[PDB]
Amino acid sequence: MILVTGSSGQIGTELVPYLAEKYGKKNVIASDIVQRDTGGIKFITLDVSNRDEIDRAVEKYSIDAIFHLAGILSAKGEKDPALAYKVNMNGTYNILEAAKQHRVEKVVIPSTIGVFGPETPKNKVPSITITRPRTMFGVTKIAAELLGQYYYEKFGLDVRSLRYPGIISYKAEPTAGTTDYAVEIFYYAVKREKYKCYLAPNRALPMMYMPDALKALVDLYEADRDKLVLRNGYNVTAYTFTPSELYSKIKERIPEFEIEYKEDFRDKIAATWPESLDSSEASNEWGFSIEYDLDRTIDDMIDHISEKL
């Protein structure tokens, strides 16, 4: 049995059915503190900050594996660092301790480029590098990777993690995140509405499309334990672009599209992150690969977003 925490978020929304298709509907349980449609898949309310809740769920459902998605992200984190610490720090600690006590074969955690800071090289960054995050989210996330690796080295709990870039998707609505301009922009485009972008025109960031994001997570999950070396902190990426680049490419498709730049705190967050990642380790150790290049993602998004409008 697989438990997914924070199932209602950007990734959860799609991962749950992905897991059900791969491993069977009876074998997944979705969980969050906020409920959404899981298409029949079993759902339970679970606050990761309550260790007890976790202990109870893991027992009652005979949980074998956990995809621990619950968290506060970079923007919200700057708005409410105490909340981020509680959910991310406390929450992740609770998950690890609970998993370690019980028979938890595997815990998979989505980490982030948010673990990087200004001292981290901006281009082709390898996984082993400077990690001096400047956001409460980032601090919590590097802590997560370190804890995870510790639990593995110390207790033999199989914790695995990769570092996602910005994820572009259509199934779940964006949530005003630092990288979410890359999703919002498509909504505006299909309506031929001028977009007001909160990141600088030339703010380059690594990104990837959700189909590849889901595949990566699952490939990491599936990898053979004795075959991972790095194990936690795998950089993964598909492409790097700036808001003006993404806009220009969209406009090639939807020429009436316009944009204006009104940068805010989220730009400042982004500025602390690298521009592009080296994802060799993930490819070598577990065969991470990308099926959707930028063009494909752009057209797929326009296709899906107009049509769901």
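Note that residue numbering follows the sequence shown and begins at 1.
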item	value
Residue stretch of maximal mean CA temperature factor, 257 to 265 vs 40 to 48	40 to 48
Selected stretch [higher average CA B-factor]: 93 to 101 or 80 to 88	93 to 101
Which of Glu245, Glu252, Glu275, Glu53 ranks first by CA B-factor in the deposited coordinates	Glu53
B-factor third for the C-alpha atom of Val218 within its chain	middle
Ranked against its chain, the third holding the CA B-factor of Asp180	lowest
Among modelled residues of the same chain, the CA temperature factor third for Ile72	lowest
For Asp212, the third of its chain into which the C-alpha B factor falls	middle
Among modelled residues of the same chain, the CA temperature factor third for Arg192	highest
